[PDB]
Amino acid sequence: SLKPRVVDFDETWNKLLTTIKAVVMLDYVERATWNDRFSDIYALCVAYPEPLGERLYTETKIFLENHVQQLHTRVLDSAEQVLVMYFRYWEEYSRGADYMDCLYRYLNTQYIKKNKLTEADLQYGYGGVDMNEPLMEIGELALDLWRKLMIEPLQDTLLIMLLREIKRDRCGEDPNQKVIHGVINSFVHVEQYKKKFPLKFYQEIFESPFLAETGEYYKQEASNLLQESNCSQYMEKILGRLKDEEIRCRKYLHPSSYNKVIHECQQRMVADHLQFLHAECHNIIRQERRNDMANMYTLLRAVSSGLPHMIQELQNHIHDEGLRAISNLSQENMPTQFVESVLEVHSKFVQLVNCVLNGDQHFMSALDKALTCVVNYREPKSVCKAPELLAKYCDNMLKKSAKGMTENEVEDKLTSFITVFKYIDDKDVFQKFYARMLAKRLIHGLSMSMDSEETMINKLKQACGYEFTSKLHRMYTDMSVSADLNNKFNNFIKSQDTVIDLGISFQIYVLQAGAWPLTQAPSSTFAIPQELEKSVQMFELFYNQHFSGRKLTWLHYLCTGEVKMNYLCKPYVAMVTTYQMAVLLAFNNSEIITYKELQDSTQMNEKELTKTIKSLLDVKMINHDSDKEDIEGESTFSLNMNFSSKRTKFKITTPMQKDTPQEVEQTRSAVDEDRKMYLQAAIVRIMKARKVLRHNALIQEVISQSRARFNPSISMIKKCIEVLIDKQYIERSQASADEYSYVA
Amino acid sequence: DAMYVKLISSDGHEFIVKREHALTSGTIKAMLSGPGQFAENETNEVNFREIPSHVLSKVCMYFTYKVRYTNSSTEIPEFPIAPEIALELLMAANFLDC
Amino acid sequence: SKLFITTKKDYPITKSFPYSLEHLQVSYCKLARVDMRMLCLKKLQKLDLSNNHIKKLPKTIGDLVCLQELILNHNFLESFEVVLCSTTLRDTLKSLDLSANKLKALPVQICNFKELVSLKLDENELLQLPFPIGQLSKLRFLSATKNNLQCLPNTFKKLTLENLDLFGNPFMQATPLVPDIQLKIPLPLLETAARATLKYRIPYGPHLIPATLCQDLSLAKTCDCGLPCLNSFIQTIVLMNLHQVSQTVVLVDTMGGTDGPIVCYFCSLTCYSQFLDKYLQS
Amino acid sequence: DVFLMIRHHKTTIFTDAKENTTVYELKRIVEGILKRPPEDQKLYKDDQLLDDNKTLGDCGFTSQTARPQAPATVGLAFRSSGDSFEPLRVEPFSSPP
Amino acid sequence: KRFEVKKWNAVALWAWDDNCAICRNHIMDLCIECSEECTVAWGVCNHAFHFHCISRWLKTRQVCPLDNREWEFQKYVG
Ligand SMILES: [Zn+2]
Ligand SMILES: [Zn+2]
Ligand SMILES: [Zn+2]
Ligand SMILES: [Zn+2]
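This is how it looks when you write it as structure tokens:
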């Protein structure tokens, strides 16, 4: 019965020792005997006046020590089999230790866990407070005495065995996995009761020696591999060895060492020879070496310094490939060939990076830098021609000359173009050139459809913000309202109290100044033909009545019209310019008319007048009454008695050609002026931000904030600096000539 | 009885209680998880030869009370202990760790 | 009747003390251990061994029968021997001073020493006072200054004293509103039988209950509601005025503030809400 | 919910039942535990025989009466050779001091 | 006369009613600081400036730099 009673130690401990020997060395045992041993252990632990907890602890510890010693001697007595026998006795003893922990549960819980009381923890005394050779749990104590009396006396013997088999595994042989794994994780298992550093014993017994042996073995292996073969199959063999080594590490070792081993395995055959690899990857990437490039990437991403050299080498290769691609273009088709070559290079190298180098971000950055250098490639003593090429490409793709070419491939090509456009450093030049060429397209009406310009403005806005193309959009809006005003004008024609006949099919385009890239000819003083003053005056009063505080200017170098010839034997449709229309209107009055009469009637100056006369004589619509080969001030002209044209429905207006070189330098001068103002504004902005800032900080801030559109030269930045200084907005610091301050 | 654990006390009374109710006391958990390699013939006899039956009855009733009234927000009432039986249950609780 | 030894020369190395003495005092001597000889004397009432080099106290009292006031201050004692606590010394002790000693944790068996009327533990390294200090109902003088008393124990409110010197210790700030929930529901039986044994005043002893439990019940906590709880309690470090415990209290750099920490234990979670309501209303 | 303490001879079975649980469920539980056919035994309640069809709700097995913390006693009596059943020889639980 | 014109596709440019002396920008264009509220201001001295530029200039200097004369806002065009 449950009671504190006097108990003789020997009588109970004989049966208890029999059962404990049965359980530690796993053999047959009865459940009822196990229950009886629970009862016996409880009876021993608590008694009166002689508790037997201390005696039971000491005697079971002594038995465990003797058993571990017996196992150790039995294992030592049989050599060349230490691993297998050690593992067998290890699993037996470990399960036996767990079974003791279960069986001694009362001993562990209410005897041992009540003596290990260190500080004033509400229980001081009432047990073995004076603690020498500290008490430990029976499940813990069995493993502790296993490492003290079976592992340590055998440490040096175990490793030399273990390292013999693992190395034997690396030489192509097949040692049994179970025994090696059990012996290796025995070191972790033993210290499983340690609160701090459970793997410390494993690290000090079979990690550091194993790491060193792996280092030596793989150093020798790498030396042999280098001595026997060249680079390509060297990477092949290194990859095979690393894969097999990760397999072996998972096969034998503890998971916590899985990284460490491979750190010592790649650094002995990759990091110790990254000079050999780096001195050969240059020949690899610059040739059709796909698998070699992939192996190089895999090897060099593991080590710290493997990547940057390959990244730089690939950037150099891409830059050279782009330069070689875009330097051999035929003169006929610079824009499309340039764009398609840049896209071909970009596509090929993006496929290379995403298919071989796993799409690493660093390699994408290298590709972007190389193609940025290729795109902005400028010949010596010349300005970059890429923005002109891109503007011409866009215009040509939006030109009506592309017969039989639908709009979906237009969108495809037009969104491919944005990839190239993003690489343009000087986007302002492209913006201005495309503004001029789009204005020409709109005025001359040579576009696919207006949704194409929808797409253009939307794509450019996505690529560089709304303010980049805002003016363009404004120009665009003018188109979208122009026809409306035309219809509105028709309404006023039906709304005037006194209905009048214009005698002309008047059509107009209403364009906002400033936002449009059109320059008025200074003081052309062109005399309007007598017919058009009515249209001009009613449109001016229309605009004044519907728009307040606005003035309208009539540019005459783009306005056109139609002249039909029917009353003669040659009915001819002639699309004519304004100046040519006035010239023909003058000539219709008199058969012979002198140059002075042209000045009197047209009132428009000599250069443009003689240009119009040369254009008129180019297609031979009028006759010259003077045999002189030059058109002088005394030249007299007459209408052609005998005129003909194969194209009956013809035009005499000069076709819109490419921008003349003179024009491109005025455009570039305007771009430079705009750049100077933009840098001035940015400097003012930064000065408002700081009011005190070092000149180098000004340089960095302006270059950072301005690179989105153009890359200003630092020299222009200095000129902007003294331009602002001369404006008395900032002052040069008295104490520091390289410092600026606000006084404005 | 692989799902119903049977406890035989000193008097021979066989109290059959749910195994999940018996595992409340960790000592019994070790008692069943002892030698191992059980035939699983649905026979769990655990001879508590050294505890009275009239107290093993209260132990099993407490097992049911604890498993039923665990993880419950209801007003759980005090387990009744008779004055004539407290100690036997206390020492028994000590031997049972519950 | 009285004698004093104040040097190595005045201390008899071999010969024993007379028997006409009543009070013995040994001061400023290089006694590494308390001698066996001095434990054989008949009629020591007050025993002083101040300012010595004594490390371990004697295991058992040899023959002493009165030993009213044992003083061992300014010594090198580490911890009292457990066996020394269980001797007859409790039946006649009246005082015990351990000032300026390396004592770090008073053993709990000092609760059995019911006969003390004045205790001194100044300049020690006592983590906290013994928990069943309530069992020392005859104690009147207590001093544990310059110690690290983060929290006085629960039973401290039972004692009635005249003075209490405790200034100079780290007093942890009271956390009435932040409990430390160690309670478990359903109360495992042992707390329930245990709560029961004590509720019914079932006289028990180590010959009837297995010994380990016999310790736990001896010092089982008492909740404020009035019922014991061996385990599964709620501990709250609550400050209480110490003028109830002792007539006079001495503190440092605090005028009008006499509060001290006390580890109040709670039997059940539902019982804790009543204390929270009481504290909120007060 | 109610909990039942079946007491057959030197045996005691602890079961869970609801007020709407049928007696045949208890009979099947005893079948499973004691590996004997169910129709043999008849459950009892203080010498008042209980039939198969009616459920425990009409018996008196209320929640306030048969709590998990103190299950109600239900008798049991197996089958002898033929069609004779033993009486309620229920061994009482030993006397506490 | 008998011969006439049947079509005329005119082109027109409309603006406000040229280069600023403060922000060094076109008067009808947007100033440096600007955003759609940047109207123009015409003064007595027959000078048209941006509203923001003249507003920030008058905060410390009350005279027109062009003629060294006090600036008076004749009218605002917006
Ligand atoms: Zn309470
Ligand atoms: Zn503005
Ligand atoms: Zn002015
Ligand atoms: Zn301005």
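Protein chains in written order, with this note's numbering: chain A, 1 to 744; chain B, 1 to 98; chain C, 1 to 282; chain D, 1 to 97; chain E, 1 to 78.
A virtual CB, placed ideally from N, CA and C, is assigned to each residue, including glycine.
Item: Closer than 7 Å: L442 (chain A) CB and nearest ligand 3 heavy atom; Value: no
Item: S94 (chain D): contacting residues in chain B (beta-carbon distance under 7 Å); Value: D11, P52, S53 and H54
Item: Any non-hydrogen atom of ligand 2 within 7 Å of residue 122 (chain E) CB; Value: Nothing can be reported for residue 122 (chain E), as the shown portion of chain E is limited to 1 through 78.
Item: For residue 749 (chain A), the nearest candidate out of A:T58, A:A120 and A:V84 (CA to CA); Value: Missing from the structure shown is residue 749 (chain A); chain A here goes from 1 to 744 and no further.
Item: Assumed close pair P228 (chain C), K199 (chain C) - CB separation to whole angstroms, cut-off 8 Å; Value: 7 Å
Item: Cross-chain neighbours of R88 (chain A) in chain B, by beta carbon under 9 Å; Value: The contacting residues do not exist; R88 (chain A) stays about 18 Å from chain B at best.
Item: Coarse secondary structure for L3 (chain C), derived from DSSP in three states; Value: strand
Item: Short CB-CB distance (under 8 Å) between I32 (chain E) and chain A; Value: yes
Item: Cutoff 7 Å; reference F338 (chain A); Cβ partners in own chain excluding five residues on either side; Value: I326, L329 and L389
Item: Three CB pairs or more closer than 8 Å across the region 99-109 of chain C and the region 79-91 of chain C; Value: yes
Item: Span separating the alpha-carbon of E731 (chain A) from that of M687 (chain A); Value: 11 Å
Item: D165 (chain C) (DSSP reduced to helix, strand or coil); Value: strand
Item: Member of A:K148, A:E204, A:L52 and A:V573 whose CA lies at the smallest distance from the CA of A211 (chain C); Value: A:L52
Item: Chain A contact for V46 (chain B) (CB, 8 Å cutoff); Value: yes
Item: Three-state secondary structure (DSSP) of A12 (chain E); Value: strand
Item: Distance cut-off 7 Å: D67 (chain E) Cβ against heavy atoms of ligand 5; Value: As far as ligands go, the structure on display features ligand 1, ligand 2, ligand 3 and ligand 4 and does not contain ligand 5.
Item: Residues of its chain near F78 (chain D), where Cβ-Cβ distance is below 6 Å and the 5 sequence neighbours each way are ignored; Value: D40 and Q41
Item: Interface positions of the region 56-88 of chain D facing chain B (Cβ-Cβ less than 7 Å), listed along the chain; Value: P68, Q69, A70 and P71
Item: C267 (chain C) CB to nearest heavy atom of ligand 1 below 7 Å; Value: yes
Item: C384 (chain A): CB within 7 Å of a non-hydrogen atom of ligand 2; Value: no
Item: Buried versus exposed, by CB contacts within 10 Å (16 or more), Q203 (chain A); Value: buried
Item: Environment of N283 (chain A) [buried if 16+ CB atoms lie within 10 Å]; Value: exposed
Item: Three CB pairs or more closer than 8 Å across the region 712-721 of chain A and the region 3-17 of chain B; Value: no
Item: For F73 (chain E) and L472 (chain A), the rounded distance between their alpha carbons; Value: 33 Å
Item: Where the alpha helix (DSSP H) containing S72 (chain B) begins and where it ends; Value: Note, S72 (chain B): premise wrong, no alpha helix (DSSP H); not H, not E.
Item: Within 7 Å of chain C by C-beta, residues of the region 126-137 of chain A in sequence order; Value: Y126 and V129
Item: Proximity below 8 Å, CB of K8 (chain C) to CB of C29 (chain C); Value: yes
Item: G260 (chain C), enclosing alpha helix (DSSP H) - first and last residue; Value: Note, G260 (chain C): premise wrong, no alpha helix (DSSP H); beta strand (DSSP E) at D259 to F266.
Item: Backbone CA spacing between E45 (chain B) and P80 (chain B) [nearest angstrom]; Value: 27 Å
Item: Length-filtered (3 minimum) beta strand (DSSP E) runs lying within the region 514-571 of chain A; Value: 550-554 and 560-565
Item: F49 (chain E): CB within 7 Å of a non-hydrogen atom of ligand 4; Value: yes
Item: Contiguous alpha helix (DSSP H) assignments of at least 4 residues, all confined to the region 296-333 of chain A; Value: 306-326
Item: Minimum Cβ-Cβ distance from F79 (chain B) to chain D less than 8 Å; Value: yes
Item: Contacts of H207 (chain C) in chain A (Cβ-Cβ under 7 Å); Value: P4 and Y48
Item: Bridge partner(s) assigned by DSSP for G75 (chain D); Value: D:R7 and D:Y44
Item: Beta carbon of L145 (chain A) nearer than 8 Å to that of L83 (chain A); Value: no
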